[PDB]
Amino acid sequence: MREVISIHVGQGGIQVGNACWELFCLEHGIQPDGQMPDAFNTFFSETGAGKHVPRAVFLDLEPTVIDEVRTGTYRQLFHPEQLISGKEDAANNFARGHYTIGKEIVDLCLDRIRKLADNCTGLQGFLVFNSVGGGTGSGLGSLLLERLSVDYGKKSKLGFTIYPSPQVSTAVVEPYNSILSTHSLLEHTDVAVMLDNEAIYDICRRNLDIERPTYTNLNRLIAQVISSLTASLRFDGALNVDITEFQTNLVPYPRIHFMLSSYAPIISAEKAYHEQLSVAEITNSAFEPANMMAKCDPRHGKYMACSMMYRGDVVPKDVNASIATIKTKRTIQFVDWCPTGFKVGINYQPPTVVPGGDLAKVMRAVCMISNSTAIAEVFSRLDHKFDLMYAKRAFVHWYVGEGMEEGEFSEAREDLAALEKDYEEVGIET
Amino acid sequence: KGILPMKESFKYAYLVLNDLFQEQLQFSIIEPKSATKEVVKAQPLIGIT
Ligand SMILES: Nc1nc2c(ncn2[C@@H]2O[C@H](COP(=O)(O)OP(=O)(O)OP(=O)(O)O)[C@@H](O)[C@H]2O)c(=O)[nH]1
Ligand SMILES: [Mg+2]
């Protein structure tokens, strides 16, 4: 009687949704056709006899990815008319997907959301995935969040956004729409998790020893993180954690809800079994700055609160004996007004392996969600990138001619300045 | 600055000697002193946004 609905918008969102939906189907024993040859109820729904239907909706204005989905092996799984598709792409223009073509599509998506919500009885909250540096992704994510915040109100929404890397970039105009989308979801999303690609590339290179990774390898790690986060809702555990038990433990103030994640262990089968993978060493590896899932240095800032999930055969006393060691270290310092900052969850189900993938099978794993003061650097560098081109009003004509006003750029800049001032104000000791 | 405790007669003799060296040898026997002038320049208030 506990449910959650995941929203996938944009090319990156759909490509990570595919990645998480192989993993969930594999973890619950459901074949790609949707047929089994009481834990499924969190992500799926029973049709009365036979197949299961995911509680997910796919959105995009550009039809190529959806058409690829509707012809692959998973054509029989998803309901045919929840893969909403458009005709014309926003083409990396934020104003397009927020004012011009997204408005005519958003009504169908909201109707689908209502039709899925009326089925659930214990709706925990929503999940949303969107790559920020694109037109349709950021614009439609902003519009959907704004509609949901007023249609439903206090229901919790979680956002797994992928911000651009510090120096590596695929587009040339992504700072503009990244800043605008951050403006939009700052006052509209309860949790936002950092996911830039460069850090995960470094993780793959160093640990998985892959020298030529593709997007699928990144999306599989993201899917594993999602599964670790939501395992506690569908498996028995000695110390459970619910989604609604987050803003009471990781969010000191309503404005501050951007945090960065990490995962451990990450190791290949060729050298995994030569070492014992004790809980102490994995919880040490999880706190290593080089294993952050976002390219930010935690040594440059304080910690505010750490929520970290275990799964497997871990014993609570071993967890406490390792939290003490971390509190001992002099290179990791917490904020003054937080004496204890750890929330611990323990689950029994070990992580599942996907055949043909990178990760091996292990009995212990740890996933941490940590809120730290050091996150302000990404905001500062994105702001610096934005200012350089906004000084000469470059690329603005592509946005003014799509219905957006001239002054809309300035207030996003002011909100980022306010956020950066707030992060500095919080981190000073009393 | 008038800090050199020199008789005026020697001050004139030294200036005449300096002018002679500057005309004949293109060199000054007087050491150049720095004069700092405060100048007020306009800068745009480029908003550091
Ligand atoms: N992690 C990850 N990021 C991706 C992936 N695909 C695209 N991105 C990121 O998404 C950004 C651009 O947005 P996209 O998702 O590609 O395109 P979009 O969101 O659909 O927006 P449009 O261009 O209007 O179609 C790029 O800067 C990429 O970094 C992916 O498969 N995995
Ligand atoms: Mg696209």
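Shown in residue order for the range A:211-218 are the 3J(HN,Hα) couplings computed by the Karplus curve 6.51 cos²θ - 1.76 cosθ + 1.60 at θ = phi - 60°: 8, 10, x, 10, 5, 4, 4, 5 Hz (x for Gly and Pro). Close amide H partners of A:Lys295, meaning residues 5 or more places away or on another chain with modelled amide H under 5 Å apart, are A:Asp196, A:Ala199. Tell me which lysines have Cα within less than 29 Å of B:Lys33's Cα, excluding those fewer than 8 residues away on the same chain? Partners found: B:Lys1, B:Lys7, B:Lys11, B:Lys41. Using 0.36 nm per residue and subtracting the Cα-Cα separation, the extra length available between A:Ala171 and A:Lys327 on full extension is 52.0 nm.
If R0 is 35 Å, the Cβ-Cβ spacing of A:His300 and A:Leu239 corresponds to a FRET efficiency of close to 0.65. With the helix formula -39500 (n - 2.57) applied to DSSP H stretches of n ≥ 4, chain A reaches a computed 222 nm mean residue ellipticity of -11000 deg cm²/dmol. For the protein assembly as shown, the fraction of C-alpha pairs more than 41 angstrom apart is 27%.
Averaged over the residues of B:40-49, the number of partner chain Cβ atoms lying within 10 Å of the residue Cβ comes to 2. For the pair B:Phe27 and A:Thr73, label points projected 7 Å from Cα toward Cβ lie 9.3 nm apart.
Could you quote the convex hull projected area for the range A:3-258, Cα atoms only and averaged over all directions, in nm²?
Averaged projected hull area, Cα only: 14.7 nm².
Shape summary of the range A:280-430, radius of gyration then Dmax from alpha carbon positions: 20.9, 62 Å. Using 0.36 nm per residue and subtracting the Cα-Cα separation, the extra length available between A:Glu88 and A:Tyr348 on full extension is 88.9 nm.
For a paramagnetic label modelled at 7 Å from the Cα of A:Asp209 toward its Cβ, which residues of the range A:337-357 fall within the zone defined by backbone nitrogen distances under 18 Å? Residues A:356-357 qualify, since their backbone N sits under 18 Å from the label point. With 22 Å as the limit on Cα-Cα distance, the pairs of A:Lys302/A:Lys329; A:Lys302/A:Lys385; A:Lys155/A:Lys302; A:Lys51/A:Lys115; A:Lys271/A:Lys317; A:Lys51/A:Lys87 that go past it are A:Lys302/A:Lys385; A:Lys155/A:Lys302; A:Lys271/A:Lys317; A:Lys51/A:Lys87. The label point for A:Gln247 and the one for A:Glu425, both projected 7 Å from the Cα toward the Cβ, are 2.0 nm apart. Label sites at A:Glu275 and A:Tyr99, each approximated as a point 7 angstrom past Cα along Cα to Cβ, lie 5.3 nm apart.
Give me the distance between the Cα centres of the range A:244-266 and the range A:336-389, rounded to whole Å. If we compute the Cα centre of each part, the gap is 9 Å. Once the Cα atoms are used to define both axes, helix B:8-25 deviates from the longest principal axis of chain B by about 80 degrees.
The range A:124-200 and the range B:1-37 have Cα centres lying 74 Å from one another.
Ideal geometry is used to build each Cβ from the backbone, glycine not excepted, and the neighbour counts take in all protein chains shown. Since every read-out is calculated from the coordinates, none of them should be taken as a lab result.
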